[PDB]
Structures are given as structure tokens and as C-alpha cells.
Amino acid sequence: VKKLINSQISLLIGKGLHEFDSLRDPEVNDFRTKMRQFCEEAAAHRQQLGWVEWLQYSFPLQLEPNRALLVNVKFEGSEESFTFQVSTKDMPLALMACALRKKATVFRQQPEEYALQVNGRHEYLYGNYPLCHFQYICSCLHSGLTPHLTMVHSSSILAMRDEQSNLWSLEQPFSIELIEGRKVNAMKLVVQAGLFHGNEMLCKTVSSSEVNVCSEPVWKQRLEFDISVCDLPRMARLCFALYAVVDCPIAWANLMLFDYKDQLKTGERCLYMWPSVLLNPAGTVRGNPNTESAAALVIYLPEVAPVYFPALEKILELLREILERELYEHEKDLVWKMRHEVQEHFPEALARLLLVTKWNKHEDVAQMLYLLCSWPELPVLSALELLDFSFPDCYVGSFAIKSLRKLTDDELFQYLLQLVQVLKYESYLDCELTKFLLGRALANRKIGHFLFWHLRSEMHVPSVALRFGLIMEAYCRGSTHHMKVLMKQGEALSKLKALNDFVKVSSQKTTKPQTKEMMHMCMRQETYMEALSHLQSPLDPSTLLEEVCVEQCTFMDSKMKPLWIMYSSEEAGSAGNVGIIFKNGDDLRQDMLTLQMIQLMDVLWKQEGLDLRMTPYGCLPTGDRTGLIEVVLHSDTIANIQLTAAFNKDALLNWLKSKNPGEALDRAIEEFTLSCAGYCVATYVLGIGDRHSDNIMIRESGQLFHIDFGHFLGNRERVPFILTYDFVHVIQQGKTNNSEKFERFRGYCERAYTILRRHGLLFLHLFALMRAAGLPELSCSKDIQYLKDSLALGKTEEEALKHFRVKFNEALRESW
């Protein structure tokens, strides 16, 4: 019935829907019914889209940021195929026209009723684009391969659509009553309490009287805060810390003083606390769900009267440049004084102005909000800064989203990971960000795919399980069919975990050959063959993983026995020969961020016409210390290649010569040189140390790349720029001296470095939002500072390039 759907979502999301119901929370009840309708009406809209708009939803085009080629085309019904020669500048229509036209000759006898499917992939070619804007066509040209496509008629596409259908009054100083608690420690117990608006204190942090450290922490005190109740802003957050002293932190807990209906809360409360690492303003505002084990604090919120935060209508009723290029009190005063100027003449300095406004004075907040309601839209870069925890106000949050609505699907995808982490900072379940993500996800299946996995991957974290579960359920209501596709992915991943556990056990008792044989036998079981085959890759939904082909599957020798799983697809040909690595026991989150950043650098470079031949391979956490990495085929580790050469320095170049005979070598050396420049710069900027020959790989094309990003951000040394002699040797064509090739290489590096600096704030804004994620190596200011320093953002370009040159020369000396 709908019974089945409910049980399908419960399995898919990793939480039973009955668990939601058992909280008997209207916030949650309302979140669920609110969004379910929102998601259900989005499904509505889509089931009536035109066939090209459906393609846009389900198969978003994959593009790049004159000359001729051979393309093979067939039609959906037959085996017969035709090979033409087309231009890289041609449109898909022209290609479809030739295809149609021929079929007519051989078929004894209108392009616009067709789209071209990439054989064996969930990828289509359509739209007004040259064939070498399409990533698959591009891929084939740089690799040499022949594009194989299938003419799909509009009515076949519509068959797919149809088969996937579903107040100011209160001047008294704010106060609470700290009643008692129930905890464990060695001393006397103190409760410190403090009121926050983002990172900023709304007043001084009143503390408890000292009470012995045994059993319950009875207090029955009245805590009064240095602030009027009418001055508490909408997003006011009360923050506790319980600790011992003769310092020993024990626990923390936060809550919103206003509930999700704008009512000021009153009065009693049991706060189930989170274990501590001293106040944690950024911490979640929801209680610890381990209500058996957690220490708890009972408090009382006094009745001040029913009081709601005023509606917007009431709210609305109530040397500049030289500092505007982190400032003093008099500077702040100037900026606040100048707010109208700021809006009219420096609209992009909104963030600055927001941080100087007095959130602990309601009158000031009102005047700021009135400016905000007429404020011009901001660039996306500026909106990314506003998503920071430092901007907690809901109107600000809403303004930020409003400026982000113009994000292209491509941009949104590039920033999605960060936007999901920002949900952790949200105060309430129903929020503009969640609505925006769910809307965009329901309009673009790729976005929906990566949103799903970002959420699913953290369900084992109790602070986000509820929020993320709820979002995934909403999403599933909005696409029943995608829900089935994702279940199939879940079933594969479930089987891989079991397979990997077995491998961990077996390798402890037997040789690797024996274990591998057992792995193979396990995989050939009907249940495994079936679970592991015929699915969309979680790494990239457009890649279909068809028949898992064992004999080629193995596992690595390293601790948590990462699995190496290979696939083939008759229908896709060579493009269907794809591999994934399943890893369980390692935290994949830091490879994802890093690989993501590298992707963004590649994109920023390509946007200036600089293609450094980078390899931004897929990486996707799917669960608790679980996830996938995309295999880059026809590549091996530097270590491995340093394995016939008389001198070890030549092993690399000999290998390249062997894979690139004759005049092919010069292209490979160029690919090596550009990619080396890319990764030299990327690893310097990102502070990725511990680079060695086991975690640097090369492709047979010549392109160098990095794997195993365990320790970025100098993490803390200050990782120098690195040039390896073996790499300089290849760049210089195996010559001792070749300053023509070398100083070109030095040019590539400098160009790459200077382009990144120009987008320095993009990197800082993105890393700022990633502080939400609790990555151990992105936890504080010192980590953000690393980026500031590596991009030398405090300098003029010039100064920065001179600085960079010292470092480059530094690195060169180091490489004998």
C-alpha cells in the first residue's frame, strides 16, 4: 500500500518513521506535513514537464566550463549503426539529422523529436551546444575513443516520465531558574550560562554558585541576565556549560528562547546534555537523544505575562571607504551611523554592517531590518559569507537564500556539500535553506542524488539524525521512483560492507590469494551478484554499474582492506568499464573536501582558459566511516612504476615512453607538466603534506594526480611548495638542462597560483561554512588562517607573486 513506501523510506534513510512519530513534537509533525505537501506538489509540476524539460530534470547535461571526428550512432530498436564524420563545432541536431537521414536511405524512407543518449550511460546530448562542449564528446577526443550514441525518440522519453510517476513591553532583566541535574564526575560543580546571537554575546555570562560534585546538582537559583526581555532578538540562544573545579569540562546544552512559532518559551525544561571536549554557542539547539546516559539540567523559564516575536510589519514600523578598504569601536559607530550610505553606495558591505549592529538592542535590530527589506540582491559570493553562523537572524538567512536562488545548477552542485553542513547551524527544522535545497533537489535529479547521500552519510551522528532523516523523507515523498533507484544503491553498499567485513576477517587467517578466492565465491552468490549489479553509481548517477565482473575484483593490503570493484557493460562498451573503491573504517570526509576543492580550482582555471589536465575523481561518504572512491583506470602509483631502467630517475619517463610511443610522447610530457603544475599549486595552497610516491599516481596519458589526502592544512607545520627531482626530470624531457621547458612550467604554476588568489574569498567563504562539519583538521581560526597565508591574501598581487617566487625557488633548491 503506502505501507510499502513507508517501509521503503525507513530502510533507505536508515531510521524508522515510527521514531519520528514517537517524539510527539508538533515542530516535527508540522515539518513533516508541511514539506511533504511541498515536495508532492513539486512532483506534480514535473510529471507534466515537456520531454526536453524532463531530460533536463533526469539527465542534466554534462558540459565543459573547426575540427573533425568519427561518431557512431544507432537507433533504440536495432543493432545497426552508422559512423559519420562530424565537426566538433556541430550541433546535436545536425548529427541527429544525418542519422535520421541515413536510416531513411537504408530504410527506404524530423530531428527535433529526438535526443542522443550516450550508450550505456544515463547521459544525453541535446540543446544548442557544440559537440565539444559536451563532456562525453570532450572525454573521447582527449582519450582518442569514438563516441557511441543512441537516437531516442520523444515518445520513448515520455514513456519514462509516465513510468516514474508517484514583546516591546517587558523591561525586566531576563532570567531563568536553574533547578537541578544528574551526571558523573570527580570538586564542586558550576553551571556557566550565557546568551548568544551567533558568535556574539548578548551580555555577560552569569555563572552558578559552587555545589559539591556528587549525584544531582541541586541549585534552585535564579539567574538574571544583563539585558531587557524586550531586547532579546528573534534568534536568541541560551547556552549552558556544566563543569567541575578545585579545570574539568563535563557537558553543554543550548536552546532557543523562542520556539518555532515565535512564542517566547515558558518555563520548565529538561536539557539532555552533550559530553564536552567552554560554552558552545555553535552547538545544536536540540537535546541529546541518549536520554538514558546523558547528564541532564532542569531549568525554569519564567512566565513574563502569551508573547510572540513581533511581526515584520511592526518591525518595519519601528574615511568610511578607507576602513572598508575586524575594526575598532569608533569605526563600528561610524559604520552604523552610515548605514543608509552603506545600503545606497556600498550594498556589498552588508555583512560588515550586520556585525556592527547591536543585536542586544531591539530598536537597532529594527532599523537594520528595515534597511535589509529594501536591500538590493547580492552576488553569490557575498551570499555565501552570509550563510555563516555569524549571521543567525532569520531575515538575513532569508535574504541570503534569495540571493542564492540565481545559482545555476552547476554552481549549486559545486557548493552543495557546504550548504548541507550549514543546516547544522540552523535553529529550527522548517527553514528557508531546507526548502531551497529540497526544491532544487526535486527539480534536478543530480542535485537530489548528492543531497540524499550527503544527508544519509551522517545519520549515525545523533546531533543531525533527526534533521537529516526528516529532509530525506520529504525528498522521498517528492520522488517515489528515485527512492527505488537509491534503495538499489543502498543494497549494493550493504552487500559491500558485509563482503568487506569478511575480507577483514579472512586476511587474518589466510593468504591474500586464498582470501581473494573466497571474496570471489562470496560475490558469485545470487544475492550478491544481483545486489551488486545494475545500478547507478553513487559517485556519479550518470555512470551505470552494470555487470560486476569479479575475477578483476580484489582488495588492498592496507588495514581496512579497501575493496576494488570492477564493472563492465556490453551496451556502453569501453565507457562502461568502470571501477569503484569501497572503503570502510576510514573517514572519507577530508578526501571529499579536498577533491572538491581541487575540482573547483580546475574549474576556476578553465574559466580563464587554463586546463591543467587535472583528475578530480569522485569521492563520496555514504555512511559511518564508509564510502566510495572512483577508480581512475590506466593509472598507477609513482611508487609502483619505480619498480627496465639503469637509473631510477628514468623509470618514470621510460614508462611514459612505453605507453606513448613515437610522437605521442611530447603530448604526454605536456600533460604531465600541466598537471604537475596544477597539483604543485593545489597541494601548496591546501597545505597537503605527507606526499610521497605511494600517493601520487600518473595516467598513461601522462597526467599526474594525487590520492589519499589524509592531512591537509599544514596539519601543524607549514608545508612548503614541493618540487620532486623525478618530476622536474620528466618536465625537462629527460635532460639535465632545459630552461625553456622548465621556465614554461614555472609560468604555468604562477598563472595557476595568481588565478586562485583572485578567488581567494570564494575559498575562504567555503572553508568557513565547512567549519560546521566537525572535521578535526578544520576546527578553528588557525586552519582558516592557513589558507589566508598560503594565498597571501593580505598582499598586493605583486608582493604575493614575489613571495611565491621565493617559495618556488626554495622548493627547487630542495630538489637536487
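Think of the rigid core as the biggest set of C-alphas that the two forms share within 1.5 Å after superposition. Note that residue numbering begins at 1 and tracks the sequence as displayed.
Superposing the other copies on the rigid core and comparing 414 to 422 to 214 to 222, farther C-alpha placement in 8 other deposited structures of this protein marks 214 to 222. After a core fit, the C-alpha atoms in 8 other deposited structures of this protein lie farther on average from the shown form in one of 550 to 558 and 605 to 613, namely 550 to 558. For the cut-off of one third of the other compared entries, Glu363 stays well clear, since all of them model it along with its flanks. Coverage remark for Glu717: absent from the model in at least one third of the other entries compared whose chains are built on both sides.
In the deposited entry, the stretch joining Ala305 to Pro306 is interrupted by 1 to 3 residues of the deposited sequence lacking coordinates. Where coordinates are absent for parts of the deposited sequence, a chain break appears; between neighbours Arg325 and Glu326 it spans 4 to 9 residues. The deposited model assigns a higher average Cα B-factor to 780 to 788 than to the other stretch when 767 to 775 and 780 to 788 are compared. Two stretches are in play, 456 to 464 and 548 to 556, and the higher mean C-alpha B-factor belongs to 548 to 556. Per the PDB entry, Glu76 shows the highest C-alpha temperature factor of the residues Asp694, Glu76, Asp624, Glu385.
Of the residues listed, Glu377, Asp501, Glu123, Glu321, the entry assigns the biggest Cα temperature factor to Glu321. Residue-level temperature factors show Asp591 in the lowest third of its chain, judged at the C-alpha atom.
Sort the chain's modelled residues by C-alpha temperature factor and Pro65 lands in the highest third, per the entry. Residue-level temperature factors show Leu433 in the lowest third of its chain, judged at the C-alpha atom.
The PDB entry assigns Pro147 a C-alpha temperature factor belonging to the middle third of its chain's modelled residues.
Annotation for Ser22: CA B-factor lies in the middle third of the chain's modelled residues.
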